[PDB]
Amino acid sequence: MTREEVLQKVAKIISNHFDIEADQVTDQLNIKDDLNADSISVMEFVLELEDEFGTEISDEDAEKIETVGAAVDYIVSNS
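Residues numbered from 1 in each chain as written, not as in the entry; some residues may be left out. Heavy atoms only, no water.

Solution NMR is the method the PDB entry states for this structure.

Here's what the structure looks like:
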């Protein structure tokens with residue numbers, strides 16, 4: 001629910017789904033681009049995060065909030 005739990009989970013699920021480093025994952029390293037994750041996948045990642053954390057993610061911002069920081073900064077700031 002907090003920035004910690006969220007940041008961790010996201011970093012884990014992401015570092016687990018892709019071949020990125022859970023330690024390298026930085027706000028300046030968008031996974032969507034870095035990993036080049038597909039578009040459809042976004043519909044899934046944006047869901048799990050919205051479910052686990054329990055927050056509504058817009059359809060537009062959902063295209064920007066696809067980075068380590070762009071994610072937590074959204075889930076947290078949104079609460």
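### Observations concerning the overall build of the protein
Secondary structure assignment for the protein yields four helices and zero strands. Reading the secondary structure of the protein in the N-to-C direction produces α-α-α-α. The principal-axis extents of the C-alpha atoms in the protein amount to approximately 25 × 25 × 20 Å. The burial tally for the protein puts 37% of its 79 residues in the buried class. (Helix = DSSP H or I, 4+ residues; strand = E, 2+ residues; numbered from the N terminus. Buried < 20%, exposed > 50% of the residue type's maximum accessible area, 1.4 Å probe, protein only.)

### Observations concerning helix α3 (residues 40-52)
Here α3 contains 13 residues, and its C-alpha end-to-end distance of 19 Å stays within 8% of the 18 Å for a straight helix at 1.5 Å per residue. Against the buried residues of α3 lie α1 (3-17). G54 sits one or two positions beyond α3 and adopts a positive phi of about 75°. (Expected span 1.5 Å × (residues − 1). Contact = heavy atoms within 4.5 Å.)

### Considerations on the layout of surface pockets
Size it by volume and the largest pocket reaches roughly 290 Å³. Forming the walls of the largest pocket are 16 residues, and the residues nearest its centre are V42, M43, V46, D59 and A62. (1 Å grid on protein atoms, 1.4 Å probe; cavity = no way out; pocket = protein on both sides within 12 Å on 5 of 7 lines; lining within 4 Å. Points joined across faces, edges and corners; volume = space filled by probe spheres on them.)

### Comments concerning the nonpolar core
With 20 residues, the main nonpolar core has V10, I14, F18, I31, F53, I57 and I75 as its most contacted residues. At the level of secondary structure, the elements contributing two or more residues to this core comprise α1, α3 and α4 (68-78). With residues near it in sequence (within four places) discarded, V10 still touches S15, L49, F53 and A71. (Core = buried A, V, L, I, M, F, W, Y, C linked by side-chain atoms within 4.5 Å.)

### Side note on the UniProt feature "domain: Carrier" (unreviewed entry) in the protein
As annotated by UniProt and renumbered to match this structure, "domain: Carrier" (unreviewed entry) occupies residues 1-79. The span residues 1-79 carries 54% helix and 0% strand; its end-to-end C-alpha distance comes to 8 Å. (UniProt positions renumbered as here; feature names shortened; annotations may be inferred.)

### What to know about the packing of aromatic side chains
Evaluated as defined, the whole model comprises one aromatic pair. Their ring planes at 50° and their centres at 5.3 Å tell us that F18 and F45 sit as a pair that is tilted. Of this pair, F18 sits in the loop between α1 and α2 (31-34) while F45 sits in helix α3, and the two are 27 residues apart along the sequence. (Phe/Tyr/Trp six-rings, centres within 6.5 Å; stacked < 30°, edge-to-face > 60°.)

### Focus on empty space enclosed by the protein
Under the counting rule described, the total for this entry stands at one cavity of 30 Å³ or more. Each pocket or cavity is described by its volume, and for the largest cavity that value is around 210 Å³. Every element with two or more residues in the lining of the largest cavity is listed here: α1, α2 and α3. Per element, the largest residue contribution to the lining of the largest cavity is five residues, and it comes from α3. Looking at the lining of the largest cavity residue by residue, the classes come out as 13 nonpolar, one polar and three charged. (Nonpolar A, V, L, I, M, F, W, Y, C, P; charged D, E, K, R; others polar.)

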